[PDB]
Amino acid sequence: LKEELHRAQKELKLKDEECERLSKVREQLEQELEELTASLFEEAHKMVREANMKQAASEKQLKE
Amino acid sequence: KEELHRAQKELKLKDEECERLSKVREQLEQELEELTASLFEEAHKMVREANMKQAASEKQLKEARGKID
Amino acid sequence: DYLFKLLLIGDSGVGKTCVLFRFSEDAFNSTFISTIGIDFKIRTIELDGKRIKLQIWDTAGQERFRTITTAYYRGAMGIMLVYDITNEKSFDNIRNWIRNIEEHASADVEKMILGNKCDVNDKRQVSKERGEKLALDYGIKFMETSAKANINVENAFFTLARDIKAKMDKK
Ligand SMILES: Nc1nc2c(ncn2[C@@H]2O[C@H](COP(=O)(O)OP(=O)(O)O)[C@@H](O)[C@H]2O)c(=O)[nH]1
């Protein structure tokens, strides 16, 4: 009769701890994504500031 | 059966959570893909502008270097 | 020799991004915060001799990148909460945002409230006093600022970074 609860709880332990594991990896996944997206933006920015300073350079040659 | 009455609840819940966590794998790269795609577009639109206003700006340093020389 | 990962959050149109660009001393207005809702900037500073790299994420709360923006909350060492003193619900919400920080971010993270646009007193709706009480209740630091006039931006970051470092040299 009680056997159903007996299983249910054994089942809760397994799911509780698989859940813990699963979270350690969400943590990594996120650090990696940060580091990657970080550098993505870094570049996008660097690359834009080049195109603009290029325009500025011959902007000033033209006012002189 | 008071214990089970509600014991099954966190089991449903804990489980429902594990499910959501596994999704977290692909849900990251799914978003990443989009974000990357976007930057590409947006940073381009940007560099496009700079180029058009640099290049048009370039041909009058020859036209005005030509109005002098 | 140190790398601090920082995050700026709060309601939209609060000034979060100008706050950033000011501190990052970028000579341009050019951002992706409008068309993406994320932006990123670095600055290295000296704190008691040492070089400190600061990595500042600017998020804008769009569900389009919910999952990614958590990655920023989860990995952030210091997170500035920003409201606009010209606007109440920005301030009212500062609790809501604290819920998130508490809920999405780490247990010991360093926090700081930044009542922004202080420079404009004529349209002020949120008293400074009321702002420092908010802060003291939650037991975190508070600081009024102005991205445009350049008031206390730099002091805010240096301040936050000192709190971070001091916490780390303890361990
Ligand atoms: N008076 C004043 N206006 C500001 C200040 N900071 C930002 N703004 C203006 O507020 C508007 C939106 O600010 P923004 O940085 O986009 O807020 P975000 O969306 O949270 O980054 C723009 O018109 C900014 O120029 C400030 O310190 N003082």
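All chain C residue numbers match Swiss-Prot; in order, they span 6-176.
The backbone N, Cα and C atoms fix where each Cβ goes, and this holds for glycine too.
Screening C:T64, C:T72 against Swiss-Prot annotations picks out C:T72 (annotated as phosphothreonine). The feature motif 'Switch 1', as given by Swiss-Prot for the ranges C:31-45, C:106-120, C:136-150, C:151-165, sits at C:31-45. The two recorded residues C:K21 (GTP binding site) and C:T40 (Mg(2+) binding site) have their Cα atoms spaced 15 Å from each other. Non-local contacts of C:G66 (GTP binding site) by the CB criterion (under 8 A, 6+ apart in sequence, same chain) comprise C:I14, C:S17, C:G42, C:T74. For the motif 'Switch 1' (C:31-45), the number of residues in each DSSP class (helix H, G, I; strand E, B; coil) is 0 helix, 3 strand, 12 coil. Helix, strand and coil counts under DSSP for the motif 'Switch 2' (C:63-80) come to 13 helix, 2 strand, 3 coil.
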